[PDB]
Structures are given as structure tokens and as C-alpha cells.
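So this one's my_file_4.csv, CSV, C-alpha atoms and all ligand atoms:
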```csv
chain,number,residue,atom,x,y,z
A,3,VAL,CA,90.5,12.3,134.9
A,4,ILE,CA,90.8,10.2,131.7
A,5,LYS,CA,90.2,6.5,132.7
A,6,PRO,CA,91.6,3.2,131.1
A,7,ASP,CA,88.0,2.1,130.1
A,8,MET,CA,85.5,4.7,128.9
A,9,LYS,CA,82.0,4.6,127.4
A,10,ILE,CA,80.8,6.5,124.4
A,11,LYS,CA,77.3,7.8,123.7
A,12,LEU,CA,76.6,9.8,120.5
A,13,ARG,CA,73.9,11.2,118.5
A,14,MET,CA,74.5,12.5,114.9
A,15,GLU,CA,71.9,14.6,113.1
A,16,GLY,CA,72.7,15.2,109.5
A,17,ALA,CA,71.8,15.4,105.8
A,18,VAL,CA,73.3,14.4,102.5
A,19,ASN,CA,72.3,16.1,99.3
A,20,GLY,CA,69.3,17.5,101.2
A,21,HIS,CA,68.0,14.1,102.5
A,22,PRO,CA,68.0,14.3,106.4
A,23,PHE,CA,68.8,11.4,108.7
A,24,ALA,CA,69.9,10.7,112.3
A,25,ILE,CA,72.0,8.0,113.9
A,26,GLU,CA,72.6,7.1,117.6
A,27,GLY,CA,75.4,5.0,119.0
A,28,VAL,CA,76.9,3.5,122.1
A,29,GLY,CA,80.4,2.2,122.5
A,30,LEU,CA,83.4,1.9,124.6
A,31,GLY,CA,87.1,2.5,124.2
A,32,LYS,CA,90.5,2.5,125.8
A,33,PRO,CA,92.1,6.0,125.6
A,34,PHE,CA,95.6,5.0,126.5
A,35,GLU,CA,95.5,1.8,124.4
A,36,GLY,CA,94.2,3.8,121.4
A,37,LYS,CA,91.3,1.5,120.8
A,38,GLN,CA,87.6,2.1,120.5
A,39,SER,CA,84.5,0.4,119.1
A,40,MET,CA,80.8,1.3,118.8
A,41,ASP,CA,77.4,0.2,117.7
A,42,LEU,CA,75.4,2.6,115.5
A,43,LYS,CA,71.7,2.7,114.8
A,44,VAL,CA,69.9,4.7,112.1
A,45,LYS,CA,67.0,6.3,114.0
A,46,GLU,CA,65.7,8.5,111.1
A,47,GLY,CA,66.0,8.7,107.4
A,48,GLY,CA,66.8,5.0,106.9
A,49,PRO,CA,67.7,3.2,104.7
A,50,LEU,CA,70.5,5.6,104.0
A,51,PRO,CA,70.7,6.4,100.2
A,52,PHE,CA,74.5,6.9,100.3
A,53,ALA,CA,77.7,5.2,101.2
A,54,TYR,CA,78.0,4.8,105.0
A,55,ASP,CA,81.8,5.2,104.7
A,56,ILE,CA,81.5,9.0,104.4
A,57,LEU,CA,80.2,9.1,108.0
A,58,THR,CA,82.7,6.7,109.8
A,59,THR,CA,85.5,9.2,110.5
A,60,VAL,CA,83.0,11.5,112.0
A,61,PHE,CA,81.9,8.9,114.5
A,65,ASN,CA,87.8,11.5,119.1
A,66,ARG,CA,91.5,11.9,119.2
A,67,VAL,CA,91.8,11.1,123.0
A,68,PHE,CA,91.5,7.5,121.8
A,69,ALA,CA,95.2,7.6,120.7
A,70,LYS,CA,98.4,5.7,121.7
A,71,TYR,CA,102.0,6.8,122.5
A,85,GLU,CA,85.7,20.4,130.3
A,86,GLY,CA,86.3,18.6,127.0
A,87,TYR,CA,86.8,20.1,123.5
A,88,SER,CA,85.0,20.3,120.1
A,89,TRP,CA,86.0,20.1,116.5
A,90,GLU,CA,84.9,21.3,113.1
A,91,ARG,CA,85.8,19.6,109.9
A,92,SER,CA,85.5,20.0,106.1
A,93,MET,CA,85.9,17.0,103.9
A,94,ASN,CA,86.4,17.9,100.3
A,95,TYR,CA,85.9,15.0,97.9
A,96,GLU,CA,87.6,15.0,94.5
A,97,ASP,CA,84.4,14.8,92.5
A,98,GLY,CA,83.0,18.0,94.2
A,99,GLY,CA,81.1,16.5,97.1
A,100,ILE,CA,81.7,18.5,100.3
A,101,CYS,CA,80.9,17.5,103.8
A,102,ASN,CA,81.0,19.6,106.9
A,103,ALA,CA,80.9,18.1,110.3
A,104,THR,CA,81.1,19.2,113.9
A,105,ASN,CA,81.4,17.4,117.2
A,106,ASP,CA,81.0,18.8,120.6
A,107,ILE,CA,82.6,16.4,123.1
A,108,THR,CA,81.8,16.5,126.8
A,109,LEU,CA,82.7,14.2,129.7
A,110,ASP,CA,80.1,12.8,132.1
A,111,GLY,CA,81.8,10.5,134.6
A,112,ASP,CA,83.3,7.6,132.8
A,113,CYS,CA,81.3,8.5,129.7
A,114,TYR,CA,82.1,10.7,126.7
A,115,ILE,CA,79.2,12.3,125.0
A,116,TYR,CA,79.3,13.4,121.4
A,117,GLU,CA,76.8,15.9,119.9
A,118,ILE,CA,77.5,15.6,116.2
A,119,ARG,CA,76.2,17.5,113.1
A,120,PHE,CA,76.9,16.4,109.6
A,121,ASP,CA,76.0,18.0,106.3
A,122,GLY,CA,77.1,16.9,102.8
A,123,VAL,CA,76.2,18.5,99.4
A,124,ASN,CA,76.9,18.2,95.7
A,125,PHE,CA,77.6,14.5,95.6
A,126,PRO,CA,76.9,13.5,92.0
A,127,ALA,CA,74.1,10.9,91.6
A,128,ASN,CA,76.4,8.6,89.5
A,129,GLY,CA,79.4,8.9,91.8
A,130,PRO,CA,80.7,6.4,94.2
A,131,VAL,CA,79.1,7.9,97.3
A,132,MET,CA,75.5,8.0,96.1
A,133,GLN,CA,75.9,4.6,94.2
A,134,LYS,CA,77.5,3.0,97.3
A,135,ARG,CA,80.6,1.7,95.6
A,136,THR,CA,83.0,2.4,98.5
A,137,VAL,CA,84.7,-0.3,100.5
A,138,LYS,CA,86.9,1.3,103.1
A,139,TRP,CA,89.2,4.2,104.0
A,140,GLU,CA,92.9,3.4,103.4
A,141,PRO,CA,94.9,3.9,106.7
A,142,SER,CA,96.0,7.4,107.1
A,143,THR,CA,98.3,9.8,108.9
A,144,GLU,CA,96.9,13.0,110.3
A,145,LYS,CA,99.4,16.0,110.4
A,146,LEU,CA,98.6,18.1,113.5
A,147,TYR,CA,99.9,21.7,113.8
A,148,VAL,CA,99.1,24.9,115.7
A,149,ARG,CA,97.8,28.0,114.0
A,150,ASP,CA,96.2,31.0,115.7
A,151,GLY,CA,96.6,29.3,119.1
A,152,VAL,CA,94.3,26.4,118.0
A,153,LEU,CA,95.2,22.9,116.8
A,154,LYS,CA,94.7,22.0,113.1
A,155,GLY,CA,94.8,18.6,111.5
A,156,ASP,CA,95.1,17.9,107.8
A,157,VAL,CA,95.0,14.6,106.1
A,158,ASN,CA,94.7,13.3,102.5
A,159,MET,CA,92.3,10.4,102.7
A,160,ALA,CA,91.3,7.9,100.1
A,161,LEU,CA,88.4,5.5,99.9
A,162,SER,CA,89.0,2.3,98.2
A,163,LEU,CA,86.4,1.5,95.5
A,164,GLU,CA,84.6,-1.8,94.7
A,165,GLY,CA,85.9,-1.8,91.1
A,166,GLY,CA,89.5,-1.2,92.3
A,167,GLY,CA,90.8,2.3,92.3
A,168,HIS,CA,90.5,5.0,94.9
A,169,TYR,CA,88.4,8.1,95.7
A,170,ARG,CA,90.4,11.0,97.1
A,171,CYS,CA,89.2,13.3,99.9
A,172,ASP,CA,90.9,16.2,101.7
A,173,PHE,CA,90.2,16.6,105.4
A,174,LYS,CA,90.7,19.9,107.3
A,175,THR,CA,89.9,19.8,111.0
A,176,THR,CA,90.1,22.5,113.6
A,177,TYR,CA,90.3,21.3,117.2
A,178,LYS,CA,89.2,23.7,120.0
A,179,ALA,CA,89.8,23.0,123.6
A,180,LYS,CA,87.4,24.4,126.2
A,189,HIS,CA,103.3,15.8,115.1
A,190,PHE,CA,101.5,12.8,113.4
A,191,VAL,CA,98.7,10.4,114.3
A,192,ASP,CA,98.3,7.1,112.4
A,193,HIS,CA,94.6,6.0,112.0
A,194,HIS,CA,93.0,2.8,111.0
A,195,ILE,CA,89.2,2.6,110.8
A,196,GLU,CA,87.1,-0.5,109.8
A,197,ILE,CA,83.5,-1.4,109.7
A,198,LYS,CA,83.6,-4.8,111.4
A,199,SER,CA,79.9,-5.7,110.8
A,200,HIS,CA,76.7,-4.2,109.4
A,201,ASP,CA,73.2,-5.3,108.4
A,202,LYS,CA,72.0,-5.0,104.7
A,203,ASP,CA,71.1,-1.3,104.7
A,204,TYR,CA,73.5,-0.2,107.4
A,205,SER,CA,70.7,0.5,110.1
A,206,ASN,CA,73.1,-1.3,112.4
A,207,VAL,CA,76.9,-0.9,112.1
A,208,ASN,CA,79.7,-2.0,114.3
A,209,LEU,CA,82.8,0.2,113.9
A,210,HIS,CA,86.3,-0.1,115.1
A,211,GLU,CA,89.3,2.4,115.1
A,212,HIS,CA,93.0,2.1,116.2
A,213,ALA,CA,95.2,5.2,116.5
A,214,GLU,CA,98.8,6.0,117.6
A,215,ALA,CA,100.7,9.4,117.7
A,216,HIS,CA,104.4,9.7,116.8
A,217,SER,CA,106.8,12.5,115.7
A,218,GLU,CA,110.1,13.3,113.9
A,301,CU,CU,80.0,-5.2,103.8
A,302,CU,CU,91.3,-4.0,117.3
```

Please lay out the structure from this file as C-alpha cells.
Amino acid sequence: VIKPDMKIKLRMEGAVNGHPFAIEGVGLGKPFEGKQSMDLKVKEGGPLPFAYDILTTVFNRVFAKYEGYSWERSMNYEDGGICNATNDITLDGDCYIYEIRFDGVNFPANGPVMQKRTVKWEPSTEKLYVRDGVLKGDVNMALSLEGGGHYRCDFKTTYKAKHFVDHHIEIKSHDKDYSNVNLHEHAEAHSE
């Protein structure tokens, strides 16, 4: 029911520090090869007044090597910024559809997110475990900063269907104000 080549269509509606925006994207990935890529367009609220990197992990764990589901996530940044995100994932033929909501608050004006001083997420390892019959996933994430140094964030995801996973996520290309972004992720699961 999961095919070697699958398409992705997503819409994100969100806000950061009260400023609303929306983004649409199309892409394709290889579930069993643990690869995906996509092109993302800002439809509303552009040009975004915050670092695009806080969105990238929100833009599917089926894309990982060795009815649908949904997930909720909290991303707690070390300087007090909090982001909540959800994704409802459904399957339509050979096409995954993501309905995504994103909401961030309390990012300081002088911090690296609002001043767009972030470069990339360092590769990470998500720890997945079951609790109350649903799957949780925690990870310490870190954004690399332009002036050297790192910006810590704690991720807490709940997966709900209707070991480790190594992640690497890169923005391969973007225009000046990030209205267009090409985004790429690899992911493998392991254990012991
Ligand atoms: Cu760049
Ligand atoms: Cu690649």
C-alpha cells in the first residue's frame, strides 16, 4: 500500500509571535530509501520575518530506511520560544497529503529566530518509545548559528495511528526572502 515512489502535497497555516502566514508545497520521496524532497512556496504573510529553519522539521516518518496517522509536537527553544505543530497525514493513491498547523510564541526580538541568524539543524537521533499505547519521540535538537555556536531546542512528538531514527535535513536552495525553498531529508532507523 506504500509505494517505492510517492508524491507529497502539503499546506501549512501558521503564526509566529502573532504574525500569520501560510505555505504550500509539493514534493516526492522514496519511503523505503528514506529520501524525500520538496518545493515550498509562501502563499500568505511573506516575506517571513523569522528564521525559516524553525519550520523545516515540520515539513513524515514513513520516509525512513532500515488510513494514515497524525502527529502533535512541541518544540521548546532554550531562550523561551515555544512552537506547537500538528500534522494530519492521509493517503490519496500514490500521494501523501499533509494538513499542517504551526504556532510559535515568545521568541525574543533580539534572538536568533527573529534576527534570522540560524544556518541549519545539526543531524539528530530521535528516540521513539511507547507510552499509553501511543508512540512518543523525543530529540534534543540544535540549530547552528551564523556567528558560530548553537541554539538548543527540545522536541516532544506524539504519533497517533488511525528504537532510534537518525535524521539529516538540509535546505538545498532558497530565494532571498525564502518565498521559495527546496528542502531535502534523509532518515534511517536502527536499534540496540
Ligand atoms: Cu542560504
Ligand atoms: Cu540526498

Residue with the minimum atom-to-atom distance to residue 178 (chain A), picked from A:58, A:158, A:124, A:104 with all atoms listed in the file counted, is A:104

Of A:67, A:215, A:137, A:24, the one sitting nearest ligand CU 301 (chain A) when using all atoms listed in the file is A:137

Which residues are near region 115-121 of chain A? Cut-off 7 Å, all atoms listed in the file, ignore same chain within fewer than 6 positions. Put them as a ChimeraX atom specification.
/A:10-18,101-109

Please determine, counting only C-alpha atoms, which residue among A:139, A:204, A:190, A:89 has the shortest atom-to-atom distance to residue 59 (chain A).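 Between A:139, A:204, A:190, A:89, the residue approaching residue 59 (chain A) most closely is A:139.
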
**Report entry** Distance query region 133-135 of chain A at most 6 Å, all atoms listed in the file, self and fewer than 2 positions along chain excluded, as number ranges by chain
**Finding:** A: 52-53, 130-131, 163-164

Filtering to N, CA and C atoms, could region 39-57 of chain A of the supplied structure be written out as a PDB file, in the first residue's frame?
```pdb
ATOM      1  N   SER A  39      12.152  15.050  -0.905  1.00  0.00           N
ATOM      2  CA  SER A  39      12.486  16.424  -1.230  1.00  0.00           C
ATOM      3  C   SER A  39      11.211  17.149  -1.583  1.00  0.00           C
ATOM      4  N   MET A  40      11.201  18.468  -1.409  1.00  0.00           N
ATOM      5  CA  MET A  40      10.013  19.229  -1.743  1.00  0.00           C
ATOM      6  C   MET A  40      10.288  20.695  -2.001  1.00  0.00           C
ATOM      7  N   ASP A  41       9.350  21.318  -2.713  1.00  0.00           N
ATOM      8  CA  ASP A  41       9.400  22.748  -3.035  1.00  0.00           C
ATOM      9  C   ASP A  41       8.272  23.463  -2.336  1.00  0.00           C
ATOM     10  N   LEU A  42       8.617  24.554  -1.651  1.00  0.00           N
ATOM     11  CA  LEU A  42       7.708  25.197  -0.720  1.00  0.00           C
ATOM     12  C   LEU A  42       7.575  26.659  -1.069  1.00  0.00           C
ATOM     13  N   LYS A  43       6.327  27.104  -1.207  1.00  0.00           N
ATOM     14  CA  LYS A  43       6.010  28.480  -1.551  1.00  0.00           C
ATOM     15  C   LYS A  43       5.230  29.170  -0.471  1.00  0.00           C
ATOM     16  N   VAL A  44       5.660  30.371  -0.102  1.00  0.00           N
ATOM     17  CA  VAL A  44       4.910  31.183   0.850  1.00  0.00           C
ATOM     18  C   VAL A  44       3.725  31.832   0.132  1.00  0.00           C
ATOM     19  N   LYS A  45       2.506  31.424   0.469  1.00  0.00           N
ATOM     20  CA  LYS A  45       1.296  31.981  -0.148  1.00  0.00           C
ATOM     21  C   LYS A  45       0.743  33.216   0.584  1.00  0.00           C
ATOM     22  N   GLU A  46       0.956  33.306   1.889  1.00  0.00           N
ATOM     23  CA  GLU A  46       0.495  34.434   2.674  1.00  0.00           C
ATOM     24  C   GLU A  46       1.563  34.823   3.684  1.00  0.00           C
ATOM     25  N   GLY A  47       1.522  36.071   4.118  1.00  0.00           N
ATOM     26  CA  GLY A  47       2.377  36.562   5.180  1.00  0.00           C
ATOM     27  C   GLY A  47       3.821  36.775   4.830  1.00  0.00           C
ATOM     28  N   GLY A  48       4.160  36.680   3.549  1.00  0.00           N
ATOM     29  CA  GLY A  48       5.558  36.827   3.120  1.00  0.00           C
ATOM     30  C   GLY A  48       5.906  38.314   3.040  1.00  0.00           C
ATOM     31  N   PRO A  49       7.194  38.677   3.127  1.00  0.00           N
ATOM     32  CA  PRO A  49       8.337  37.794   3.392  1.00  0.00           C
ATOM     33  C   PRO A  49       8.382  37.477   4.876  1.00  0.00           C
ATOM     34  N   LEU A  50       8.705  36.236   5.219  1.00  0.00           N
ATOM     35  CA  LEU A  50       8.614  35.804   6.588  1.00  0.00           C
ATOM     36  C   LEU A  50       9.603  36.585   7.425  1.00  0.00           C
ATOM     37  N   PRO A  51       9.148  37.154   8.554  1.00  0.00           N
ATOM     38  CA  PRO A  51      10.024  37.920   9.462  1.00  0.00           C
ATOM     39  C   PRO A  51      10.759  37.069  10.517  1.00  0.00           C
ATOM     40  N   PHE A  52      11.002  35.795  10.218  1.00  0.00           N
ATOM     41  CA  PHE A  52      11.671  34.903  11.147  1.00  0.00           C
ATOM     42  C   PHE A  52      12.427  33.822  10.394  1.00  0.00           C
ATOM     43  N   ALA A  53      13.338  33.165  11.092  1.00  0.00           N
ATOM     44  CA  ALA A  53      14.186  32.153  10.503  1.00  0.00           C
ATOM     45  C   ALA A  53      13.370  30.987   9.966  1.00  0.00           C
ATOM     46  N   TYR A  54      13.511  30.715   8.682  1.00  0.00           N
ATOM     47  CA  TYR A  54      12.811  29.581   8.035  1.00  0.00           C
ATOM     48  C   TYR A  54      13.098  28.241   8.700  1.00  0.00           C
ATOM     49  N   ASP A  55      14.270  28.108   9.307  1.00  0.00           N
ATOM     50  CA  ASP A  55      14.682  26.829   9.888  1.00  0.00           C
ATOM     51  C   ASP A  55      13.760  26.274  10.945  1.00  0.00           C
ATOM     52  N   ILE A  56      13.088  27.132  11.691  1.00  0.00           N
ATOM     53  CA  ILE A  56      12.129  26.632  12.694  1.00  0.00           C
ATOM     54  C   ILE A  56      10.933  25.880  12.089  1.00  0.00           C
ATOM     55  N   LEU A  57      10.654  26.088  10.792  1.00  0.00           N
ATOM     56  CA  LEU A  57       9.609  25.369  10.075  1.00  0.00           C
ATOM     57  C   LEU A  57      10.027  24.016   9.454  1.00  0.00           C
TER      58      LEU A  57
END
```
